[PDB]
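Student: first chunk of the complex, coordinates as they sit in the assembly:
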Amino acid sequence: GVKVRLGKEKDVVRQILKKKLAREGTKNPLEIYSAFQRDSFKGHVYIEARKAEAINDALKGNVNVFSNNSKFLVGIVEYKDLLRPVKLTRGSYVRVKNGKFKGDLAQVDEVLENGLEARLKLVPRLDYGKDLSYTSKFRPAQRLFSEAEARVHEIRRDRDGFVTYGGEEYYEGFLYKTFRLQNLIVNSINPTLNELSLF
Amino acid sequence: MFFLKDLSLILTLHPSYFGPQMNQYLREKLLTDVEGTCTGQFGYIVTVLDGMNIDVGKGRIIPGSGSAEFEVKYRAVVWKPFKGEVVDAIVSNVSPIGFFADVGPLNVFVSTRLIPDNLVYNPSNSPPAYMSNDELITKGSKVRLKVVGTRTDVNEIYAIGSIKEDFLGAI
Amino acid sequence: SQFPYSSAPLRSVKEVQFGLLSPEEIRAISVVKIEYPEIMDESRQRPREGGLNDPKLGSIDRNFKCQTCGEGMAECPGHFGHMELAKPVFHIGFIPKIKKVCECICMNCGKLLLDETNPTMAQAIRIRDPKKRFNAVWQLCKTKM
Amino acid sequence: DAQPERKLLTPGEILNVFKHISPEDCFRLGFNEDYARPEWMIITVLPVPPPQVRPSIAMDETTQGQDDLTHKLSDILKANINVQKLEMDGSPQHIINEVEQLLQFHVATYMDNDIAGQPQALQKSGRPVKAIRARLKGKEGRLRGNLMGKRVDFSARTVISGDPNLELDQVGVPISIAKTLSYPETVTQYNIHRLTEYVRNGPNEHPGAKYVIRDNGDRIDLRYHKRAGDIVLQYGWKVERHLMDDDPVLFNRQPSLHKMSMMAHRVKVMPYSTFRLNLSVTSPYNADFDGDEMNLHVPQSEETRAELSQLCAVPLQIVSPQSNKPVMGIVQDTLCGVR
Amino acid sequence: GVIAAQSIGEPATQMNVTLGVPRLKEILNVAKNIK
Amino acid sequence: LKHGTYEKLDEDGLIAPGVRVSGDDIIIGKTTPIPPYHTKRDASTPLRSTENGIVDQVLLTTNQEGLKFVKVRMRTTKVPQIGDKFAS
Amino acid sequence: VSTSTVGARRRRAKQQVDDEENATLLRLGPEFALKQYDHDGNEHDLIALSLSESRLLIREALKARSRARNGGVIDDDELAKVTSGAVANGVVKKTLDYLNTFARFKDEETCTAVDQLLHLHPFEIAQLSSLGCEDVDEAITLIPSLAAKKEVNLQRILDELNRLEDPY
Amino acid sequence: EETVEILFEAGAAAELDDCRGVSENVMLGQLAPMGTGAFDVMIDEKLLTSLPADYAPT
Amino acid sequence: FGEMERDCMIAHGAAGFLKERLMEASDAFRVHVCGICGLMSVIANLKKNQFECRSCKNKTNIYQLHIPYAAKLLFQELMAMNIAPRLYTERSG
């Protein structure tokens, strides 16, 4: 393992590959086999070789590497634990990570075929067009969609209990909106006092 | 369970009370504040001994406020019950959840699972009581119970009894 | 006089006893366990429970009464929490004294390396001042290797 | 000679060893079984101080930044969560060695950020974090700045001028200062008629009064009381009246090098904006009138008025114990002229 | 005590052997090697 | 709101030249909205408590960022009196 | 509020479980230790009072104070009106009436006879007088303190108590 | 001087401060045992009894 | 009121005046302490008139003190560094 500047781990892995490929077949090949960097392990690149001198060779001149002779040996019994790769079932709850709904609890109603996105059921934050001629810091308080309020103040019926209002879909008072899976938190979610009162 | 206890009370006196009968005022003041009151540490303070002759000592003047502080040392009759102590009593109430027995100042509650099965609550009798053969269980009946637990809420002390054990009950 | 009346007896301080707070005692006086570094919850105010600003720790706002003592912000002293550490760490202030204790005791069972049988050491335990006694002991046991 | 293997003595390792120390050896080590038990020098649970200690401040309007301790406790709390997850998985010694040391670091600089031999913890702004140790030391810290000395109410300050036609123990006090300072005089049978006159005059006419304090503590602010004529005073109440003739006040000119830098003078209310001193007291204060300022302090109770007049008053101070001789005499013009 | 402290310090604030403030400093500090 | 008088401000939020002002009077009225009617918070500037005089001139312009920008100059006259300093 | 001669009660390293009040185990708590001290610092045995002693003292104290309130001028309902306040009226009346229906020796002649008879831990000596018993078998069951003391002759005690005991 | 070091060392050796110094009482805001505070003032109950009876507390 | 001012009042022997200046005329504060453990850990609801030090399970042996606010602050900062400053109101000996 080698200590590198935080955020520069992928760059160092890249740079090592360029050096390896450029020196292949020459009289001075870079005698490393592989190098990698795990996100979970901030500021540390791992380099595979037979001699320590090759590690120094791989990193020579690299501006992202700390000059102190800090290269540490990994035990064979710890190799596999370096390359470990690692829910969201329908009807389960996730927390939204982006937009006016950031931080809100939502039910994962549907999942996109390609697998890229999904569809979440969430308590809307609407104004019924009241001041039209949004951000997470200047958003509106959460409340179920009221179609008669929309009818009165500002609306397309689609189905039983389903309305499209300002180009978003509301079914039985809930917004159904697609979010990237990478924009939703599925792990260690702690329901709040307010969420226990509601759901 | 009665004891004699040597107690003391810190009394603060406003300067407008600094007259020739100061001590007599304090003696009345001590009695009004202490007699009949209960504490978990000592029990009920029943009566103070030798009230009209209590030596109050000298009063310390509080710096910055002018008021005077007396430490009135005194001797009183105190009454605290104890867990384990077997005592007699006079029943105050009878209910489906047990019986009541005023032991002087307070009353102790004995629950139904600690009452023997042969003592049966009889509402139809006139007057109501528990009527066993050759026994009397009416208001004012001497009964012998044992205090098995004392709980104090710093205002009054509540004790729970039991009559299940040997030789306890009516006599 | 600017203080509302309280029945508790007024006294002055006669002695200050210094010492350390045991782990058990810290939990006994604490009114809440602290786990989450996010101050705000969903940014809709109303201090989320368990936050560094959990309202059980106290009020610094004129319109919210303390949920522990019921008093206004002027009277309310504030109440401590506690934060459990996953692993025990050193107190930075006490390291040089910790270091001194290691050379005095056995690093397996923890017993003082000298006894009253040693004549000079028997004189050193008589020293009345705790600091000087501890130093006198360590001055002897230092060479005991 | 043999090859030695120095391993690191972790806090956890030392912690278990300390709990097995016997009570008899605990005493012999100068520790104390009830108050300073030696395993309590290792930290396992951190006390979280209430918001009083680390209040929030509003830089500009609504915007508010947090105290240095609040930010630093967030860092310890974040770092604590990462030990939770790291101990359980992906901990092949080296990984733990960087996370755990960082928790030790944050807990250390939270208490003391002047650790010798290593870089200080820094705020984003670049300046060092204000640790608890730095809160207590130095001229502005809790002890030298708020406990051995502190700012006080009922004080005043202005430029001084001399006046030969004042008695030795008098001080001329500007009217504007005399209407801001006050003394809480208790209402009795002998002064109740006198004190009602002050109440009618109100806060803006001298001689007047600013508050009436009941025995419960509620103050009546006489600036806003439109029915001031309907107040009847009860014995035992307090009236905070204006500063008036013969009241004793403590007068003081920095730097106080010796005890006659603080003497009690009798107040004489006068027009203009300077403090007036009789010319023969300039010497003990080492005062002159080239721009010097001096401080005035008003005692706030019956007990301290008597202490001022019977211990600190200016005639009692004429002879000083420093050299068993006077420290005041006839000076300047009057001394030139008397020859 | 305090009277003694002020009585000695005040003259010092207005003031071939060493004299004056440098000599006074040697005394209070109890220097082992005086000048 | 501040405790002083707001009655010397004109409708543009600015006081006009020629008006005498005393301490704690508001001379520039400005508000800031409160985040989530009755939505704003006062951010006005009062005259320094120890001063008085006459408003002399009021500059109104915009700054480099394009928002509105004001300066209010106040003049008074200081007359020598007991306590004032002089030197040859 | 009200405090006693006992002071400080500073914390100790070893806790204690013999504080809980148990009359069977002679645990009367920190205030009712065997050796007390009065308001001058003098040593003194704990003062536990039987029902017969207590009836005389309380009644005497109330009528001497009542006479003192009258400048120097029998029934329980009359003696309880000396107190001040309905709260005080209640506790005092209930205590006399309770003692009125359970004090065997209701006069000072018999009481002094019982006093001399009884005058070995001081608490047990007071317990034996309060709880009436017939035989030795009845005393060591309801009160196990006597068995530990291994004290001979409980008959004489009981026989004299029952003989002095007036009919009813 | 050595403000924080004194207090850490005082904790680790369980020091008892008997509060007899001037500085102790000043910083705790209590009347210091010096000058006007070097003694207590008591009320002379014996002297008050020479007053007439209509001055008496009820 | 600086350190040098403090010394002058000691020299005058005006102990009463010095106490008042630094308390009643400034930052006087009332705290509650537990008579057993000596800490400022008392939870005091004054309208309900109920007090409890939870650690000692003590609702009876409780005292109030008048101390400077800046001293109260000091003790809470010391508690935050694991130092226990125990305030007792009587001399054990």
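Tutor: Done, it's in. Numbering: from 1, shown residues only, chains lettered A, B, ... in the order given.

Student: center of chain E, which residue is that?
Tutor: The residue lying closest to the centre of chain E (CA atoms, centre = their mean) is residue E:24, at 2.2 Å.

Student: nearest spatial neighbour of the closest residue to chain I within chain A, skipping sequence neighbours?
Tutor: Closest residue of chain A to chain I, CB to the nearest CB: residue A:193 (22.9 Å). C-betas here are computed from N, CA, C, even on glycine. Excluding the flanking residues, the one nearest residue A:193 by CB to CB, 6 or more residues apart in numbering or on different chains is residue C:49, at 6.5 Å.

Student: number of nearby residues for the one you found?
Tutor: Neighbour count of residue C:49, defined by other CB atoms under 10 Å in any protein chain shown: 13.

Student: quick check, central residue of chain G?
Tutor: Per CA atoms, centre = their mean, the C-alpha nearest to the average position across chain G is that of residue G:49, at 2.0 Å.

Student: as a quick check, tell me the outermost residue of chain E.
Tutor: In terms of distance from the mean C-alpha position of chain E, residue E:16 ranks first, at 17.6 Å (CA atoms, centre = their mean).

Student: quick one, helices of chain C?
Tutor: For chain C, the helices defined by DSSP state H occupy C:23-29, C:95-104, C:119-124, C:130-141.

Student: right, and those helices - which one's nearest residue I:21?
Tutor: helix C:23-29 (33.2 Å; CB to CB).

Student: for the stretch 151-300 of chain D, which residue gets nearest to chain C?
Tutor: Distances between the stretch 151-300 of chain D and chain C by CB to the nearest CB are smallest at residue D:217, namely 6.0 Å.

Student: then chain J, please:
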Amino acid sequence: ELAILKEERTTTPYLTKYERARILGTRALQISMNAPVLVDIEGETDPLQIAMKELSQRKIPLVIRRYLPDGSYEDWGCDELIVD
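Tutor: Once chain J is put in with the chains from before, the structure reads:
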């Protein structure tokens, strides 16, 4: 116990300047809270003045408890201490 008997009192029989100042202030304070005054009040109605008048006639009803270094003490009444 700590109290020293009247015949064996050893401290100075003159009122010190510190004892005088405390007595005058304390008595003044009590008068302003409407304590019974023991002398005739003529024209001089200030609280401090009345207290100073009582002192001059040896009529202040207070006792000084003078603590000695070991903690023992001698009680002296202000009626018996000589005032210069």
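
Student: could you re-examine the neighbour count of residue C:49 with chain J now present?
Tutor: Applying other CB under 10 Å, we find 13 residues neighbouring residue C:49.

Student: ok, now residue A:54?
Tutor: For residue A:54, using other CB under 10 Å, the count is 17.

Student: may I have the secondary structure class of it?
Tutor: The three-state label given to residue A:54 by DSSP: H, G, I helix; E, B strand; the rest coil is helix.

Student: check contacts around it.
Tutor: The contact partners of residue A:54, taken as CB atoms under 8 Å, 6 or more residues apart in numbering or on different chains, are A:30-32, A:47.

Student: got a ChimeraX select line for the buried ones in the residues you listed?
Tutor: Buried members of these, defined by 16 or more other CB atoms under 10 Å in any protein chain shown, are picked up in ChimeraX with:
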select /A:30,32,47
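
Student: just the ones in strands from the contacts of residue A:54, please.
Tutor: Counting by DSSP state E, the contacts of residue A:54 place A:32, A:47 in strands.

Student: with respect to residue D:213, which of the contacts of residue A:54 is nearest?
Tutor: For the contacts of residue A:54, the residue nearest residue D:213 by CB to CB is residue A:47; the value is 79.4 Å.

Student: now do the contacts for that closest one.
Tutor: Counting by CB under 8 Å, 6+ apart, residue A:47 makes contact with A:1-2, A:16, A:32, A:34-35, A:54-55, A:58.

Student: ok, how many other residues are close to the closest residue to residue A:103 other than its chain neighbours?
Tutor: Of all residues not flanking residue A:103 in the chain, residue C:42 sits nearest, at 4.4 Å (CB to CB, 6+ apart). For residue C:42, the count of nearby residues is 18 (other CB under 10 Å).

Student: right, and residue C:42 touches residue A:100 too?
Tutor: No. The pair residue C:42 / residue A:100 is not scored as a contact, 11.3 Å apart, by CB atoms under 8 Å.

Student: let's add DNA strand K too:
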DNA sequence: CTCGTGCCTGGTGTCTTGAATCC
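Tutor: Now DNA strand K, sitting on the chains shown earlier:
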């Protein structure tokens, strides 16, 4: 109608090496 491209905002964050003398 649909894709390429610039601006605002929030979570996150650290490092190319470059005053003097008492105990």
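
Student: and the contacts of residue A:54, now that DNA strand K is in?
Tutor: Listed by CB under 8 Å, 6+ apart, the contact set of residue A:54 reads A:30-32, A:47.

Student: switch the cut-off to 10 Å
Tutor: A:29-33, A:47-48 (CB atoms under 10 Å, 6 or more residues apart in numbering or on different chains).

Student: from those, pick the one nearest residue C:5.
Tutor: residue A:47 (74.7 Å).

Student: leaving aside the residues next to it on the chain, what's closest to that closest one?
Tutor: With CB to CB, 6+ apart as the criterion, residue A:47 has its nearest non-adjacent residue at 4.6 Å, and that residue is residue A:35.

Student: repeat that for residue D:222.
Tutor: Leaving aside its sequence neighbours, residue D:222 sits nearest to residue D:203 (CB to CB, 6+ apart; 5.2 Å).

Student: number of nearby residues for that neighbour?
Tutor: The tally of other residues near residue D:203 (other CB under 10 Å) stands at 20.

Student: cool, residue C:109 as well?
Tutor: Here the count is done by other CB under 10 Å, and residue C:109 has 10 residues near it.

Student: measure it to residue G:7 for me?
Tutor: Note on residue C:109: its distance to residue G:7, by CB to CB, to the nearest Å, is 40 Å.

Student: which residues in chain B form helices?
Tutor: Under DSSP H, chain B gives helices at B:22-34.

Student: tell me the residue furthest from the middle of it?
Tutor: Outermost in chain B, CA atoms, centre = their mean: residue B:64 at 39.5 Å.

Student: that one reaches residue I:66, doesn't it?
Tutor: Yes. Residue B:64 lies in contact with residue I:66 (CB atoms under 10 Å); the separation is 9.5 Å.

Student: CA atoms only: put the helix or strand containing residue D:173 into PDB for me.
Tutor: If you go by DSSP states H and E, residue D:173 is part of strand D:170-174. The C-alpha trace of strand D:170-174 is given here as PDB (Å, rounded to 0.1, in the frame of the first residue of the first chain):
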ATOM      1  CA  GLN D 170     -15.500  66.100  47.300                       C
ATOM      2  CA  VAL D 171     -15.800  65.100  43.600                       C
ATOM      3  CA  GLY D 172     -17.800  67.200  41.100                       C
ATOM      4  CA  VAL D 173     -20.100  64.900  39.100                       C
ATOM      5  CA  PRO D 174     -21.600  66.000  35.800                       C
END
